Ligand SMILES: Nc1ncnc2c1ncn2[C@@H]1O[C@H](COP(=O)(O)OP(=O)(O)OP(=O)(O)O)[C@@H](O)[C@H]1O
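As structure tokens, one chain now follows by itself in the form deposited without adenosine-5'-triphosphate.
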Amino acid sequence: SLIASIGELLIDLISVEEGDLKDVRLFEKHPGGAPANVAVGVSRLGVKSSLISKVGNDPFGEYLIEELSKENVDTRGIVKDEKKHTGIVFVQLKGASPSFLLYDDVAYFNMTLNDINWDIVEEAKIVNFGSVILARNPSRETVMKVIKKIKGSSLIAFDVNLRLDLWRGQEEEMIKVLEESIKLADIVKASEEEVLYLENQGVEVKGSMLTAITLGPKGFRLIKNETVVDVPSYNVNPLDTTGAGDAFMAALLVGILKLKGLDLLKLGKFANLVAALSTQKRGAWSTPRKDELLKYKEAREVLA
């Protein structure tokens, strides 16, 4: 029962104080990258996890592999780039206007077909990927080729996770690769904003097997073949919602992998529980551990 994530793996330099990145003085270093965040979540839920990515031959690349190893995420598919350094992004999560500065000339955007460990990806039942990694070549063509290649042997999950800043000057190609990725996906996760934006350009944001649309404060919605199920969010006191989204995706993939048929109700309750609890942990890796979850019936239904 393997779940493989392929994409960006990087260092998040999170602003410690408020203000535009221009005026932030202090930063905290943490591991980041949607695919890596989900990989860690999947692992915490008790499912063997693998990450396919590329870091530089430097201290930060070493740091990320170490942190991933501590979470028991299979790191064999993470290649070290001798020319490009570990990906980094400076982020400001605070304030009404969260912002970021992502360095694109880095290792994870430099993946080529010869970097892919095919044994690992062919061994997975579900392969997860996002749009961020597709923002630049060679990683874009590489990822698309890998997906097209394993289609049929593995369920393909795609988190839209759209970041317009990463496509300035190539919006036409963006629409094309996103649409192509969606059509290749059995599982598609997106926000209503992303659904509107995309559909407002002739692109239908839907998975062939399952679609999950996040509604921010209203919770989320699980759509399958005209059968729609809405799930309001739990009312709790969040300490940090930074990793909620990826905690949700992890849960959703683990649930799909675990339950016989795709029972939207049980899946929704499980996903919801994981996300809700993730808000009680700090950081990008806030997914709760299997243990903390067994105390819940909505979790035993999928993990136990």
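Sequential numbering from 1, following the sequence displayed.
The same protein also has a form solved in complex with adenosine-5'-triphosphate, omitted here; what follows describes it.
A.B. asks: Using a 4.5 Å cut on heavy atoms, which of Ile65, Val47, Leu262, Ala276 is close to adenosine-5'-triphosphate in the deposited complex?
C.D. replies: It is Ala276.
A.B. asks: Which of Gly169, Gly152, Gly202, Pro217 has a heavy atom within 4.5 Å of adenosine-5'-triphosphate in the deposited complex?
C.D. replies: Of the listed residues, the single hit is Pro217.
A.B. asks: Among 109-117, 203-211, 218-226, 138-146, which stretch has residues whose heavy atoms lie within 4.5 Å of adenosine-5'-triphosphate in the deposited complex?
C.D. replies: Checking each option against the 4.5 Å cut-off leaves 218-226.
A.B. asks: Please tell me whether the candidate spot formed by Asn161, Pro238 and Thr241 is one where all three residues come within 4.5 Å of adenosine-5'-triphosphate in the deposited complex (heavy atoms).
C.D. replies: Yes: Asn161, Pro238 and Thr241 each sit within 4.5 Å of adenosine-5'-triphosphate in the deposited complex.
A.B. asks: May I ask you to check whether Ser233 falls inside a 4.5 Å heavy atom distance of adenosine-5'-triphosphate in the deposited complex?
C.D. replies: The answer is yes: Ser233 has a heavy atom within 4.5 Å of adenosine-5'-triphosphate.
A.B. asks: Does any heavy atom of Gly245 come within 4.5 Å of a heavy atom of adenosine-5'-triphosphate in the deposited complex?
C.D. replies: Heavy-atom contact with adenosine-5'-triphosphate at 4.5 Å: present for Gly245.
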